Each structure stands twice: as structure tokens, then as C-alpha cells.
Amino acid sequence: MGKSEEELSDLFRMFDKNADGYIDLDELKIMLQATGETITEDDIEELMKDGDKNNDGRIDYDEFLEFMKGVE
Ligand SMILES: O=C(O[C@@H]1Cc2c(O)cc(O)cc2O[C@@H]1c1cc(O)c(O)c(O)c1)c1cc(O)c(O)c(O)c1
Ligand SMILES: [Ca+2]
Ligand SMILES: [Ca+2]
């Protein structure tokens with residue numbers, strides 16, 4: 001489970017299937033897969049824009065918040 005930065009950190013590295021400290025786009029579409037996210041490929045980028053509004057090519061814990069910001 002992931003609540004505040006206290007657990008967010010662990011919940012973050014736990015989602016990165018590649019296991020490299022960060023999460024790429026090819027892993028995002030699979031990160032929500034465990035939930036059953038069945039959408040076209042044009043909708044995936046719709047989630048990254050929030051996880052990485054800077055579009056630097058990588059999502060870091062610091063940006064992981066802009067995606068969760070306390071959601072449920
Ligand atoms: O991106 C989705 O989950 C994100 C990852 C995630 C998680 O792994 C564990 C957890 O405790 C909370 C959590 O919130 C995330 C999230 C990100 C968003 O941008 C968002 O709008 C949202 O409602 C939530 C998502 C997609 C969905 O299609 C969906 O229906 C949903 O309810 C959620
Ligand atoms: Ca990664
Ligand atoms: Ca970024």
C-alpha cells in the first residue's frame with residue numbers, strides 16, 4: 001500500500017518492474033496492468049504527462065508525487 005511519502009518511496013521502487021531506481025514509459029503501461037488498465041496506446045502518455053510534466057525521459061520519486069498527490 002502507498003499513502004504519504006513515508007510509504008510512497010517503497011510503493012514507487014515497488015512499481016518499477018525494470019528495477020533501476022526510476023520508471024520509464026514502457027513500464028508505466030505495465031505498472032497499472034496489475035489493476036487491469038486496458039486502454040489504447042494513445043491513452044498511456046495521458047498518465048505520464050502527470051508523472052513527468054517536465055518530460056525529461058525518466059520519472060523520479062520527486063515527480064512520482066505529482067502523479068499521486070494523495071489520490072485513491
Ligand atoms: O493511474 C492510476 O493509478 C495510479 C497509481 C496508484 C497505485 O499503484 C497505488 C495507489 O494506492 C494509488 C495510485 O493512484 C494513481 C493515480 C494516478 C492518477 O493520475 C489518477 O488520476 C488517479 O486517480 C490515481 C489509476 C489509473 C486508472 O485507470 C484508474 O481507474 C485508477 O483508479 C488509478
Ligand atoms: Ca525503469
Ligand atoms: Ca521527469
# chains A, B, ... in the order shown; residues from 1 in each chain; ligands from 1
>>> closest_atom_pairs(of="segment 38-70 of chain A", to="segment 8-13 of chain A", cutoff="10 Å", atoms="only C-alpha atoms", output="tab-separated table")
residue	atom	partner	partner_atom	distance
A:60	CA	A:12	CA	9.0
A:61	CA	A:9	CA	6.7
A:62	CA	A:9	CA	9.4
A:64	CA	A:12	CA	7.5
A:65	CA	A:8	CA	8.1
A:68	CA	A:8	CA	8.7
A:70	CA	A:8	CA	9.7
>>> residues_around(residues="residue 47 of chain A", least_positions_apart="4", cutoff="9 Å", atoms="only C-alpha atoms", output="list in words")
residues 28, 29, 43, 51, 52 and 67 of chain A
>>> residues_near_ligand(ligand="ligand 1", cutoff="7 Å", atoms="only C-alpha atoms and all ligand atoms", output="list in words")
residues 1, 2, 3, 32, 37, 47, 50, 67, 68, 71 and 72 of chain A
>>> residues_near_ligand(ligand="ligand 3", cutoff="7 Å", atoms="only C-alpha atoms and all ligand atoms", output="VMD selection string")
chain A and resid 52 to 60 63
>>> closest_atom_pairs(of="chain A", to="ligand 2", cutoff="7 Å", atoms="only C-alpha atoms and all ligand atoms", output="JSON lines")
{"residue": "A:16", "atom": "CA", "partner": "ligand 2", "partner_atom_place_in_ligand_line": "1 (Ca)", "distance": 5.3}
{"residue": "A:17", "atom": "CA", "partner": "ligand 2", "partner_atom_place_in_ligand_line": "1 (Ca)", "distance": 6.8}
{"residue": "A:18", "atom": "CA", "partner": "ligand 2", "partner_atom_place_in_ligand_line": "1 (Ca)", "distance": 4.8}
{"residue": "A:19", "atom": "CA", "partner": "ligand 2", "partner_atom_place_in_ligand_line": "1 (Ca)", "distance": 6.0}
{"residue": "A:20", "atom": "CA", "partner": "ligand 2", "partner_atom_place_in_ligand_line": "1 (Ca)", "distance": 5.3}
{"residue": "A:21", "atom": "CA", "partner": "ligand 2", "partner_atom_place_in_ligand_line": "1 (Ca)", "distance": 6.7}
{"residue": "A:22", "atom": "CA", "partner": "ligand 2", "partner_atom_place_in_ligand_line": "1 (Ca)", "distance": 4.6}
{"residue": "A:23", "atom": "CA", "partner": "ligand 2", "partner_atom_place_in_ligand_line": "1 (Ca)", "distance": 3.3}
{"residue": "A:24", "atom": "CA", "partner": "ligand 2", "partner_atom_place_in_ligand_line": "1 (Ca)", "distance": 4.5}
{"residue": "A:27", "atom": "CA", "partner": "ligand 2", "partner_atom_place_in_ligand_line": "1 (Ca)", "distance": 6.4}
>>> atom_distance(atom1="atom CA of residue 30 of chain A", atom2="atom CA of residue 42 of chain A")
14.5 Å
